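Working notes for the structure below.
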Amino acid sequence: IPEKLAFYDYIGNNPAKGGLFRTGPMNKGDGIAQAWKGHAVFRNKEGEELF
Amino acid sequence: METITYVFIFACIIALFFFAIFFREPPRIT
Amino acid sequence: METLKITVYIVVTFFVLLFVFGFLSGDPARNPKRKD
Amino acid sequence: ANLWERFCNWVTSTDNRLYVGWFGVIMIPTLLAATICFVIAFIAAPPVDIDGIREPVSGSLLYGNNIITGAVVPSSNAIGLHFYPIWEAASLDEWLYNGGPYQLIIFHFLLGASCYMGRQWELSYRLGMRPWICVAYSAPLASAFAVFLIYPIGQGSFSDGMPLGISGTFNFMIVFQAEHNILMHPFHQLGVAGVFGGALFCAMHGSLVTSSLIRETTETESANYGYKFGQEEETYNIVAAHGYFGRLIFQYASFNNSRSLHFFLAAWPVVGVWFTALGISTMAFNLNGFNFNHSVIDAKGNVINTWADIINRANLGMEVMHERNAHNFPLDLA
Amino acid sequence: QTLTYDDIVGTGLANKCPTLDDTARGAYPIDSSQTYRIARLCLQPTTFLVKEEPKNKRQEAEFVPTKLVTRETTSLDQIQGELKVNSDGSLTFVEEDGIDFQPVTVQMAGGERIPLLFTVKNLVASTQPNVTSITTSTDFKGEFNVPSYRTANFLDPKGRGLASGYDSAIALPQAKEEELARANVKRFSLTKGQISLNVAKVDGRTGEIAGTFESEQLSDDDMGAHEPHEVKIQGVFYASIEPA
Amino acid sequence: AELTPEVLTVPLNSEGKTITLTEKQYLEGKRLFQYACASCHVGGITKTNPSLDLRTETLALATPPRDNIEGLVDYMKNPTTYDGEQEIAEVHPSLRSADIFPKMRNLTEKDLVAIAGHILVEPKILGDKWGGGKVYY
Amino acid sequence: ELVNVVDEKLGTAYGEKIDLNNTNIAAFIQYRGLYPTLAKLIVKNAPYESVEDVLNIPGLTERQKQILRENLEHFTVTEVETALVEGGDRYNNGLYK
Amino acid sequence: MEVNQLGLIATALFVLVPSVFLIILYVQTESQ
Amino acid sequence: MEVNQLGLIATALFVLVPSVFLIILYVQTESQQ
Ligand code: CLA
Ligand code: CLA
Ligand code: CLA
Ligand code: CLA
Ligand SMILES: C=Cc1c(C)c2cc3nc(c4c5[nH]c(cc6nc(cc1[nH]2)C(C)=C6CC)c(C)c5C(=O)[C@@H]4C(=O)OC)[C@@H](CCC(=O)OC/C=C(\C)CCC[C@H](C)CCC[C@H](C)CCCC(C)C)[C@@H]3C
Ligand SMILES: CC(C)=CCC/C(C)=C/CC/C(C)=C/CC/C(C)=C/CC/C(C)=C/CC/C(C)=C\CC/C(C)=C/CC/C(C)=C/CC/C(C)=C/CC1=CC(=O)C(C)=C(C)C1=O
Ligand SMILES: CCCCCCCCCCCCCCCC(=O)OC[C@H](CO[C@@H]1O[C@H](CS(=O)(=O)O)[C@@H](O)[C@H](O)[C@H]1O)OC(=O)CCCCCCCCCCCCCCC
Ligand code: HEC
Ligand SMILES: CC1=C(/C=C/C(C)=C/C=C/C(C)=C/C=C/C=C(C)/C=C/C=C(C)/C=C/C2=C(C)CCCC2(C)C)C(C)(C)CCC1
Ligand code: OEY
Ligand SMILES: [Cl-]
Ligand SMILES: [Cl-]
């Protein structure tokens, strides 16, 4: 999966998550994106996949 | 912000030059 | 750069001649007092 | 009449808000090209390898300078006195690195300023004036030629011309004292006398005319409104100013002729500043200021230091630090 | 032809290596019972590529082309060295002297300037084995030393250096020296380069050969104040072989 | 302080023998040193080779030794490298080479000694300054 | 972790003696008979392992080998320090007067 | 560059405040 | 408190610029009368 696509699938780039007096660029908030970490898979102790 | 401040003040001086020359109190002879 | 060189040569050349011919056009007569 | 004649009569019109003239025709484009290049380089130009040693100096605002440290930096020593138009470079990027704007700015400027001088002659001709204002301006024009043109010629490099900046100018002054003992040159001592005396005589004439203004106003209004532009009469009493000043010193140390007085005001700074421009121009050919280093010695022959030996110790500190990576050999001969 | 200084001066041809005629593609016989020498080796770069820095996610760094800003000052010439004939038959050039270095500064997109010491100091280049004659398919592959771009007396703008200079940031008397140490302390690097030369033109008569080169070396690190870039250089070379 | 004969006493030879000078000789030797020598050797240094000064301690350690008038007159006649190995009259002014160093054609043997005496007397006056260079100006 | 390699040498025998592998050729002026002839050889041949390998230089005269013996007490050898020997700084290190 | 960030407000009022004074005095002159 | 630094210049200008405009127009009003 290209990182450019996974970066779209993250709510920090959702325009509806901002604030009227939280000024400046998006980078001023969560920081400067450096690297996709990987897709997280959660399993309980029974090995069911959790979401 | 420091570069901006310097260029802004210099720009106002040049604008001043223009009104000082072309919009002076014109001199007259009595 | 070739195009700039030519265009600067020509500009300068033009201006130079306005200066020369302008003064060759009877400059001593252009004054408020006497036309020689 | 014919179009060439409409044009000539416009160029030389004494009706234009600003006079053009034939000198005007060269002055205008060249000063514009210098002004626009200078402004853009001062804000934005990238660093410049002044001394030819691949050690670039940052002169512009955007590369971390302020109004006081900023400069357009002189062109590379590797270029020496070669002509370096933009069209001699492989790219703007190469031209910026090696100092090209400096050449563009100073050449267009020396030229436009020289024509400034002629334009002052020209307008004075069209107005029916005497012509020698332009001669007074030759003193500052001469001075600019010296630090931008003559001194680089004698030394072999435009890199040793005066930078276009506040701190660069000081750099230039200190290096010159170390290499030429300019303080100990009489022509510079003449220039100081030129400018100290100029300022002195400025304050005097100002204070003396102002001291003797004729009461034509009340205390609630500027005394300036006592002068009406183009009034037939004089607004101060020169006889009264003379009687004050002749007493301050003695009668004949004082001017009672206005024409003789004003010619004195023109000539004093102009002369002295001719000398100091001649000063920079002759030290351009390493005819340096007086050298009294170890000039006093005792019966045995110990050196007895004078204040000139103390000057030389400072000079020496400037010597050994300036352009600290650029000398490979023991003598700094240019 | 036999030109003269006055013919060449100020044209840029002084920074150009000689060339052989398109028709010069013979072969130089090599003679084990003989000893050889390169009497002149000339290297003239034509392009400078610098590996971009791929971000923390990376993917792969490419070599990006650059702009030369230091003018026609880049060529290695008058390089000499002997040409041994080895026992497996290969030939080895061992640089002895010459003008074997040029400081060059190229510029990257966005205005980064990258100085480097373009060099082949101590070059040692050998052919494949069993080479009885240099032909237009002969390759050398070599390695050279790349010393620090500045040498030990160089002073930085605040007067600090290795063999000379202030040893601390004297403008900041009571700053904590801990965070400035990498700039207070001048380190002198010496790394290694690698170069292939590919003979494409031979004049078996005269002993003249010509071809192309590619080398890879590091750029200036400014006596340890920052990391260097990886540089790839490509260009052409001339060489003259004489019996010794 | 003053120019006394105890200052104007310098090694004649390396035998330890000595000779005393006058005000007139020492001053002639300063004049002639200026005329023929100081273009390169001003203040006891050597502009075309800073590594060799004229300090008595340097001269002492040359082969042959030169901290006496004799070995100096000899060097002005037939200069050698610091180690005695090469003759260098071809590039260093000497009587041996006064056809290409014309300032040397009219120098008498009495003039040569005046120059040596000067060179050996001047550091007793100036100490470190002589041969020190600009640090000491 | 970060140290000025030149200052460090000054703590070794390079600081007391003529380091035959590192020191500039003008320090050989300190002793009688060494400069310029034997200085040029010592340096030409320079990388030695022990101070006494200097006597094995090909070509010494018998007076030369003697002068070297007379001044072996004035030499040492330390590790070749790149920063001291590159740039041809052994022949000219930028110090004049 | 690590500059004084009260320098902006200082420069700003340095300009504005005396500048405002003079404009006020000029306009009420023109209107009498 | 870790507060927006341009808050100060913003508040200072937000007041000074409109306030000065009003004063200019009041004072040249009084001088007419
Ligand atoms: C439609 C106009 C417009 C838009 C949409 C943007 C949008 C943007 N600009 Mg740009 N900008 C604009 C005009 C605009 N700008 C203009 C005209 C200027 C010159 C003044 C600038 C100067 C500028 C700079 C210098 C910077 C931006 C930056 C930005 C970004 C962040 C802005 C932010 O924090 O908002 C903040 C918005 C607010 C806090 C809202 C202000 C509205 C006030 C509170 C309302 C006033 C109410 C009034 C007094 C009520 C009384 C009425 C009653 C009495 C009658 C964003 C992409 C920034 C960036 O990230 O660039 C890299 C940045 O640094 N802009
Ligand atoms: C009054 C107008 C004027 C004058 C006097 C100058 C003067 C100068 N300019 Mg400037 N310049 C000007 C206007 C002017 N400029 C304007 C308006 C622009 C914007 C287009 C520029 C842009 C400009 C650039 C971009 C550069 C200069 C440069 C220069 C310098 C030399 C240029 C040169 O080689 O001329 C050569 C001129 C001649 C040989 C003419 C001689 C006159 C005879 C009588 C005519 C010769 C016939 C000619 C060869 C025919 C032309 C075509 C032919 C080649 C096919 C000089 C200081 C260069 C510089 O400063 O380098 C550091 C440089 O890089 N100028
Ligand atoms: C204590 C005060 C003092 C005095 C008297 C002087 C006087 C002088 N200085 Mg100095 N100077 C001073 C302080 C002073 N300086 C300070 C504080 C600085 C800055 C640190 C300098 C920096 C300075 C520089 C850098 C230089 C001088 C130079 C000079 C000479 C030219 C000055 C000149 O033309 O002035 C302008 C004044 C006039 C034109 C009016 C006339 C003034 C003269 C000197 C008085 C005449 C005396 C009169 C004939 C005797 C009595 C007459 C009576 C019988 C009728 C003059 C000898 C220059 C120099 O060395 O020249 C050799 C020079 O290069 N000065
Ligand atoms: C009290 C101490 C003192 C004093 C009074 C002076 C006085 C002087 N010094 Mg000395 N100097 C001093 C100490 C001092 N100095 C020291 C300590 C040093 C050693 C560090 C020196 C080293 C030194 C050097 C190396 C130089 C001087 C020069 C000068 C002269 C400078 C003024 C000048 O050149 O006008 C002349 C006028 C001009 C240069 C003006 C040019 C005007 C142009 C033509 C117009 C420009 C137009 C502009 C760009 C656009 C404006 C338009 C705008 C309105 C929109 C003057 C005689 C300079 C000199 O003699 O110059 C020749 C010089 O180069 N000094
Ligand atoms: C540092 C000192 C100094 C400066 C800056 C200066 C400046 C000026 N003097 C002028 C005049 C004079 N000055 C006079 C006597 C004197 N002038 C003196 C000292 C100075 N005079 C002294 C000491 C004297 C006594 C002798 C006289 C007698 C005159 C005049 O007649 C003349 C004038 O008109 O009176 C008002 C003006 C010429 C206008 C012009 O050329 O427009 C043309 C140039 C223009 C419009 C724009 C130039 C743009 C250029 C390209 C800018 C970039 C290049 C610069 C060189 C960069 C400088 C950077 C600095 C940091 C170094 C100008 C305002
Ligand atoms: C203990 C005791 C005895 C106490 C008692 C005191 C007592 C009463 C004393 C007895 C008398 C007495 C004086 C005793 C002798 C002592 C004595 C000789 C004092 C020595 C003091 C001394 C040497 C002073 C030095 C002189 C001095 C300060 C300088 C003079 C040099 C000089 C002439 C320079 C100026 C040059 C010059 C003329 C400048 C012109 C300036 C000018 C261009 C200005 C513009 C201008 C000029 C005009 O002209 C008018 C018109 C107008 C318009 C105008 O713009
Ligand atoms: C032993 C060596 C060999 C000998 C060497 C001798 C050299 C002497 C040279 C003499 C110089 C010529 C005299 C001056 C020219 C002339 O007279 O001016 C014309 C007028 C006439 O005077 C005015 O004269 C008028 C009458 S008339 O016009 O002169 O006829 C009268 O109306 C008025 O009152 C009166 O003020 O002079 C003046 O008005 C008086 C001020 C004169 C200033 C002197 C000249 C310029 C000074 C420059 C100083 C530069 C210093 C730089 C500073 C660093
Ligand atoms: C430059 C052209 C010189 C002139 C003129 C004079 N000397 Fe010189 N001197 C010069 C050099 C380059 C050297 C070193 C030569 C070398 O390779 O050894 C010297 C050396 C001497 C010495 C020896 C000093 C020492 O430490 O051993 C002496 C005594 C000396 N020179 C004397 C001397 C005199 C008396 C001169 C005037 C008559 C004179 N030199 C001129 C360069 C130049
Ligand atoms: C026609 C006429 C006239 C007029 C004219 C004119 C008006 C002119 C103009 C002119 C002009 C107007 C000119 C200008 C010029 C310009 C220039 C020449 C500039 C340049 C610049 C540059 C080169 C830049 C660069 C840079 C830098 C510096 C930095 C950063 C980057 C860059 C690259 C951008 C008159 C009236 C006289 C009369 C006759 C006729
Ligand atoms: O003074 Mn010292 O001397 Ca006339 O050059 Mn030689 O050094 Mn350098 O570049 Mn500007 O400066
Ligand atoms: Cl400097
Ligand atoms: Cl040099």
Side-chain angles (χ1 to χ4, degrees), chain C residues 8 11 14-15 18-19 22, chain D residues 7 10-11 20-22 24-46 60 62 72 86 92-93 95-96 100-101 104-105 108 187 189-198 255-257 259-264 266-276, chain F residues 32-41 44 46-55 57-63 65-66 71-73 75-76 79-83 86 88 91-94 101 103-104 107 111-112 115-116 118-119 131, chain G residues 29 35-36:
Chain C
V8 172
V11 171
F14 172 72
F15 274 106
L18 288 164
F19 175 85
Chain D
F7 185 64
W10 176 80
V11 165
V20 177
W22 300 113
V25 161
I26 303 308
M27 173 182 79
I28 282 170
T30 58
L31 291 185
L32 252 13
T35 303
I36 295 153
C37 188
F38 167 82
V39 165
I40 292 167
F42 192 95
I43 299 175
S60 74
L62 269 172
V72 179
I86 287 168
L92 280 179
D93 305 284
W95 193 70
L96 294 175
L104 200 152
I105 290 177
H108 283 92
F187 276 9
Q189 288 142 33
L190 251 19
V192 180
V195 302
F196 279 161
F255 284 87
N256 46 317
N257 183 320
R259 308 195 158 194
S260 297
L261 197 263
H262 284 83
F263 168 76
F264 185 77
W268 181 278
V270 171
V271 170
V273 169
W274 280 336
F275 277 101
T276 202
Chain F
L32 292 157
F33 181 96
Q34 283 184 6
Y35 158 92
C37 306
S39 80
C40 309
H41 289 295
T46 300
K47 292 188 178 294
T48 74
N49 191 1
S51 296
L52 275 325
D53 45 70
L54 305 187
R55 293 182 182 277
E57 314 89 277
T58 309
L59 299 169
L61 270 176
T63 295
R66 313 281 190 179
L72 279 190
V73 170
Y75 183 96
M76 289 170 87
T80 59
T81 49
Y82 194 55
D83 63 354
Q86 289 232 321
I88 71 179
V91 301
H92 186 289
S94 92
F101 291 100
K103 294 207 240 168
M104 302 297 290
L107 260 43
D111 294 331
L112 293 201
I115 295 169
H118 177 59
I119 287 154
Chain G
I29 278 168
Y35 184 86

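Each ligand, and each atom within it, is numbered from 1 in the order the structure gives. Hydrogens, waters and symmetry mates are skipped; everything else that's a heavy atom, side chains included, is used. Letters go in sequence order (proteins before strands), and every chain restarts at 1.
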Would you confirm whether any non-hydrogen atom of the protein falls under 4.0 Å from atom 15 (C) of ligand 9? yes
Keeping waters out of it, list the protein N, O or S atoms under 2.8 Å from atom 8 (Fe) of ligand 8. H41(F) NE2, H92(F) NE2
I'd like a table of donor-acceptor pairs (distance under 3.5 Å, sequence neighbours excluded) in which one partner is a side-chain atom from residues 31-46 of chain D, with atom names and distances.
from: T35(D); atom 1: OG1; to: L31(D); atom 2: O; distance (Å): 2.7

Can you tell me how far the OG1 atom of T81(F) sits from the OH atom of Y35(G), to the nearest 0.5 Å? 10.0 Å
Find the distance between CZ (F15(C)) and CE (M27(D)) and round it off to the nearest 0.5 Å. 12.5 Å
For ligand 8, which atoms have a heavy atom of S39(F) less than 4.0 angstrom away? 5 (C)
Pull out every atom of ligand 9 sitting under 4.0 Å from any heavy atom of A41(D), numbered as shown with elements. 28 (C)
Closest approach of any protein heavy atom to atom 9 (C) of ligand 9, naming residue and atom: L32(D) CD2, 4.0 Å
Heavy-atom protein neighbour under 4.0 angstrom from atom 32 (C) of ligand 9: no
What atoms in ligand 8 come closer than 4.0 Å to a heavy atom of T48(F)? 12 (C), 42 (C)
Check this for me: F101(F), atom CZ, are more than 12 non-hydrogen atoms of other residues, nucleotides or ligands nearer than 6.0 Å? yes
With no hydrogens and no angle check, is any side-chain donor or acceptor of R66(F) less than 3.5 Å from a backbone partner on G71(F)? yes
Rounded distance (nearest 0.5 Å) linking atom OH of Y75(F) with atom CG of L112(F): 13.5 Å
If you compare all heavy atoms of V20(D) against all heavy atoms of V11(D), which two are closest, and at what distance to 0.1 Å? CB-O, 3.5 Å
Whether the side chain of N49(F) engages the backbone of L52(F) through a donor-acceptor N/O pair (distance < 3.5 Å, no angle test) should be reported. no
Among residues at least two apart in sequence or on other chains, which ones pass side-chain hydrogen bond (donor to acceptor under 3.5 Å, both in side chains) with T58(F)? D53(F)
Donor-acceptor pair, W268(D) side chain versus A193(D) backbone, under 3.5 Å? yes
Report the nearest protein non-hydrogen atom to atom 27 (O) of ligand 8: residue, atom name, distance rounded to 0.1 Å. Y82(F) CD1, 3.6 Å
Working to the nearest 0.5 angstrom, can you tell me the gap between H118(F) NE2 and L72(F) CG? 12.0 Å
For the CD1 atom of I86(D) and the CG atom of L104(D), what is their distance to the nearest 0.5 Å? 5.5 Å
Could you pull out every N or O of ligand 7 that sits under 3.5 Å from a protein N or O, with the distance for each pair?
from: ligand 7; atom 1: 32 (O); to: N257(D); atom 2: ND2; distance (Å): 3.1
from: ligand 7; atom 1: 36 (O); to: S260(D); atom 2: OG; distance (Å): 2.9
from: ligand 7; atom 1: 39 (O); to: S260(D); atom 2: OG; distance (Å): 3.1

Those atoms of ligand 8 less than 4.0 Å from some heavy atom in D53(F): 24 (C), 25 (C), 26 (O)
Kindly identify the option in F19(C), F7(D), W10(D) whose heavy atom sits closest to atom 36 (C) of ligand 9. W10(D)
Protein non-hydrogen atom found under 4.0 Å from atom 27 (C) of ligand 9: yes
So which protein heavy atom does atom 16 (C) of ligand 8 come closest to, and at what separation? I88(F) CD1, 3.7 Å
Please answer whether the main-chain N or O of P79(F) pairs with a side-chain N or O of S94(F) as donor and acceptor at a distance below 3.5 Å. no
Non-hydrogen atoms of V20(D) versus ligand 9: any pair closer than 4.0 Å? no
Considering only the protein, which heavy-atom contact is closest to atom 30 (C) of ligand 8, and what is its distance? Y75(F) CE2, 3.5 Å
